[PDB]
Every structure is written in C-alpha cells, then in structure tokens.
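Asks: I am sharing model.cif, which consists of mmCIF, C-alpha atoms; chains and numbers go by the auth columns:
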data_coords
#
loop_
_atom_site.group_PDB
_atom_site.id
_atom_site.type_symbol
_atom_site.label_atom_id
_atom_site.label_comp_id
_atom_site.label_asym_id
_atom_site.label_seq_id
_atom_site.Cartn_x
_atom_site.Cartn_y
_atom_site.Cartn_z
_atom_site.B_iso_or_equiv
_atom_site.auth_seq_id
_atom_site.auth_asym_id
ATOM 1 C CA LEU A 1 42.330 -4.032 16.676 0.00 1 A
ATOM 2 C CA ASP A 2 42.277 -6.934 19.174 0.00 2 A
ATOM 3 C CA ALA A 3 42.981 -9.014 16.080 0.00 3 A
ATOM 4 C CA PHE A 4 44.590 -11.936 17.907 0.00 4 A
ATOM 5 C CA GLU A 5 42.013 -13.080 20.458 0.00 5 A
ATOM 6 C CA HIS A 6 38.955 -11.703 18.665 0.00 6 A
ATOM 7 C CA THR A 7 38.339 -12.423 15.001 0.00 7 A
ATOM 8 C CA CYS A 8 36.751 -9.186 13.752 0.00 8 A
ATOM 9 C CA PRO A 9 36.378 -9.469 9.930 0.00 9 A
ATOM 10 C CA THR A 10 36.704 -5.741 9.274 0.00 10 A
ATOM 11 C CA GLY A 11 40.460 -5.169 9.408 0.00 11 A
ATOM 12 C CA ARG A 12 40.949 -4.669 5.670 0.00 12 A
ATOM 13 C CA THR A 13 39.465 -1.177 5.447 0.00 13 A
ATOM 14 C CA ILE A 14 41.001 -0.023 8.740 0.00 14 A
ATOM 15 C CA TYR A 15 44.411 -1.116 7.450 0.00 15 A
ATOM 16 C CA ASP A 16 43.659 0.870 4.310 0.00 16 A
ATOM 17 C CA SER A 17 42.807 3.834 6.556 0.00 17 A
ATOM 18 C CA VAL A 18 46.138 4.235 8.394 0.00 18 A
ATOM 19 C CA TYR A 19 48.308 2.483 5.812 0.00 19 A
ATOM 20 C CA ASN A 20 50.859 5.192 5.071 0.00 20 A
ATOM 21 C CA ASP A 21 51.394 6.368 8.654 0.00 21 A
ATOM 22 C CA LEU A 22 51.939 2.813 9.876 0.00 22 A
ATOM 23 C CA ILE A 23 54.398 2.005 7.100 0.00 23 A
ATOM 24 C CA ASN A 24 56.284 5.226 7.849 0.00 24 A
ATOM 25 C CA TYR A 25 56.646 3.982 11.423 0.00 25 A
ATOM 26 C CA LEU A 26 57.683 0.513 10.230 0.00 26 A
ATOM 27 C CA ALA A 27 60.293 1.275 7.570 0.00 27 A
ATOM 28 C CA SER A 28 61.687 3.935 9.940 0.00 28 A
ATOM 29 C CA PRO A 29 61.521 2.238 13.354 0.00 29 A
ATOM 30 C CA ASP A 30 63.397 5.159 14.910 0.00 30 A
ATOM 31 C CA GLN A 31 60.483 7.530 15.491 0.00 31 A
ATOM 32 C CA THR A 32 57.825 6.911 18.148 0.00 32 A
ATOM 33 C CA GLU A 33 56.080 10.294 17.886 0.00 33 A
ATOM 34 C CA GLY A 34 52.306 10.205 17.717 0.00 34 A
ATOM 35 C CA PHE A 35 51.916 6.437 17.606 0.00 35 A
ATOM 36 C CA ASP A 36 49.578 6.121 20.604 0.00 36 A
ATOM 37 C CA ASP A 37 46.899 8.499 19.337 0.00 37 A
ATOM 38 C CA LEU A 38 46.837 6.542 16.067 0.00 38 A
ATOM 39 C CA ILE A 39 46.368 3.375 18.111 0.00 39 A
ATOM 40 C CA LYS A 40 43.453 4.946 19.968 0.00 40 A
ATOM 41 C CA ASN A 41 41.878 6.263 16.758 0.00 41 A
ATOM 42 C CA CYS A 42 42.092 2.799 15.204 0.00 42 A
ATOM 43 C CA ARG A 43 40.524 1.284 18.314 0.00 43 A
ATOM 44 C CA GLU A 44 37.656 3.779 18.155 0.00 44 A
ATOM 45 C CA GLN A 45 37.016 3.133 14.464 0.00 45 A
ATOM 46 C CA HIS A 46 37.117 -0.616 15.087 0.00 46 A
ATOM 47 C CA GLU A 47 34.650 -0.573 17.978 0.00 47 A
ATOM 48 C CA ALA A 48 32.316 1.768 16.088 0.00 48 A
#
Is it possible to give me this structure as structure tokens?
Replies:
Amino acid sequence: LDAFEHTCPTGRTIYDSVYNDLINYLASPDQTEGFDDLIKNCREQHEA
C-alpha cells in the first residue's frame, strides 16, 4: 500500500478486500505460502 511514506486515503476498502487471508497469515505466522501474490494484487488494486 505504500501507506507509510504516502498518505493514500483509500486503505479501508482494500483492507476489507483481503481481510480474512491476511488475518489467517497473522494469527498463524507459520505459513508463508502465497503471500507475495497477495501483496502484488493489493498493490495493483491500490494503484488502480
């Protein structure tokens, strides 16, 4: 999201978009499968 340097005021809906996947990663910090493509998808949605 580039949320730190840049102040894009759209993060609410994107967070709502990948909420459950991200919290599955968080509460289970063991698995790293498929995280990078989610990052790229979020970046694409954000720039669009």
Asks: At a cut-off of 12 Å, using all atoms listed in the file, what residues contact region 17-23 of chain A? Leave out same-chain residues fewer than 6 positions from it and give the result as a list in words.
Replies: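 Residues near the query, excluding close chain neighbours: residues 10, 11, 29, 31, 32, 33, 34, 35, 36, 37, 38, 39, 40, 41, 42, 43, 45 and 46 of chain A.
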Asks: For CA of residue 47 (chain A) and CA of residue 14 (chain A), determine how far apart the two atoms are, in Å to one decimal place.
Replies: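 Between these atoms lies a distance of 11.2 Å.
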Asks: When you draw a straight line from CA of residue 44 (chain A) to CA of residue 4 (chain A), how long is it in Å?
Replies: 17.2 Å
Asks: With 8 Å of padding per side, what axis-aligned box (centre and edge lengths, Å, one decimal) covers all the listed atoms of region 14-21 of chain A? Give it as JSON.
Replies:
{"center_x": 46.2, "center_y": 2.6, "center_z": 6.5, "size_x": 26.4, "size_y": 23.5, "size_z": 20.4}
